């Protein structure tokens, strides 16, 4: 099994799960989304240990099983420092592959922009370089849904009545559409969601729900800086991904030599909707830029 621990990283205590690969060829670091969820929903990537890839899972500040820092430190730049701190604390000065999902992806970019040196490669899945953009794209998605749910979002959403069932209905509908297509959601995913709704990070940084991004990161945007990234980068996104491929395009268009894979019939959590296919792509990429 994977080695688990609750160690002090850059100040607060962070939990991490390091699944060493039998005959590892490379070490992959992962960043869950949210912000304010957990590594739990990224456990499908563990399969990559069968391809000689060690996967480092970990709950970011104030997430999952990790300690919560001063609310002033609830910033992306802080996550970056935490990430680097952890990387060094565990691998000292070894260059590794960094994979982020959704917010995690955006967080990864921010990291790369500053510490791309410690990176042999970068992977952004359902990631984003601008929240405003992603939000703009999410609205389009909302309006594209059937009137029934669409208007429901617009009504209770403005009344700040997210508890309402007619609203919850739309939300969940959207989820089973752009978050995790026609699936029977695995525990791990329902584990990360349970965490976000339990901790404060999501509430503060993100806001109410997915398409309702009013948190502190509402206006974050580093598109005009991601170009500085030169290491191998694999940008993935699902056909029906909530963080539309259009968003992923903005990243691909800025990072030269980057690849862009759209997972047909898949939404946001492609790592589950196509576990084997998803895992294979990343492992191929990783070993390809070994």
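Numbering follows the first chain given and starts at 1.
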Comparing average C-alpha B factors as deposited, tell me which of 163 to 171 and 112 to 120 sits higher. 163 to 171
Given the B-factors recorded for C-alpha atoms, which segment has the greater mean, 20 to 28 or 264 to 272? 20 to 28
Highest Cα B-factor in the deposition, which of 134, 71, 125, 192? 71
Deposited CA B-factor, highest of 79, 146, 187, 105: 146
Residue 98, C-alpha B-factor rank within chain (lowest, middle or highest third): lowest
Classify residue 212 as lowest, middle or highest third according to the C-alpha B-factor given in the PDB entry, relative to its own chain. highest
Chain thirds of CA B-factor: placement of residue 224: highest
Would the CA B-factor of residue 14 place it in the lowest, middle or highest third of its chain? middle
Chain thirds of CA B-factor: placement of residue 129: lowest
